[PDB]
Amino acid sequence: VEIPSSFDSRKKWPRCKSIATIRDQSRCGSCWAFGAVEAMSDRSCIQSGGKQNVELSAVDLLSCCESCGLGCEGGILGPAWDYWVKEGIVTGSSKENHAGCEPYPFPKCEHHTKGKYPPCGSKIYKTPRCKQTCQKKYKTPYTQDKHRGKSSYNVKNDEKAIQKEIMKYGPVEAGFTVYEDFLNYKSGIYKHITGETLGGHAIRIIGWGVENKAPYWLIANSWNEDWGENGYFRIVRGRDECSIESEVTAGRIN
């Protein structure tokens, strides 16, 4: 397949409401779980021809996956996608939207950037308990609100491979190395220039493009709409910038 100079999953599959959604981890290192449930939400819709049109619960995956790492202290992508395939994940919106089986317990906050929400600050919440209980207004039992994948896999660390994957099957989750200068991002095409490592971050790649000959990946961060470019950032594409092409993981419902 020929790869177009630009692609945006929001524009290809606009009936799928989750794709254009920007979420917020709040004061919790749950990026690993957000990147997953976001991409799973997008993909469940894309791959089902719009039959599933849900927001999958971040807290269910964060709190219930025992093999996924340390919860709010950080996680592991392979087991997150495996949990979706084997156990599945229920529905659940942000705290503020109070929708679905298990909405997120934690409120929006500003992540090292200016805005209308309270600053997140440096402290992290304890990983929520695995409650296995839909909110009282949601009239489906927890186990019966589960959405399951069929397969999961890591994507080849090749630019064209990642592009074909996104274009054909939907947004992917991707891990990358976060350096201090990432905290200072307001807009533009990011590359690492200053600052030391802050570990890793997991996000959702929704597309790609090119501006003034500079190619980039287009990515949804999970730090609310006030961070970066209305919740998104762009990063250099084609040079494994901060290992952005080397930790891609996704999966399929069928």
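Residue positions are given as counts along the sequence shown, with the first one as 1.
The PDB entry reports B-factors from which the mean C-alpha value can be compared for 73-81 and 95-103; the larger average falls on 95-103. In this entry, 49-57 shows the higher mean Cα temperature factor of the pair 196-204 and 49-57. As recorded in the PDB entry, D158 shows the highest C-alpha B-factor of the residues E165, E173, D158, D145. Ranked by C-alpha B-factor against the other modelled residues of its chain, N212 falls in the highest third. Among the modelled residues of its chain, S26 has a C-alpha B-factor that falls in the middle third according to the deposited record. In the PDB entry, a CA B factor belonging to the middle third of its chain's modelled residues is recorded for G231.
Looking at the C-alpha B-factors along this chain, the one for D42 belongs to the lowest third. Split the chain's modelled residues into thirds by C-alpha temperature factor. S67 is in the highest one.
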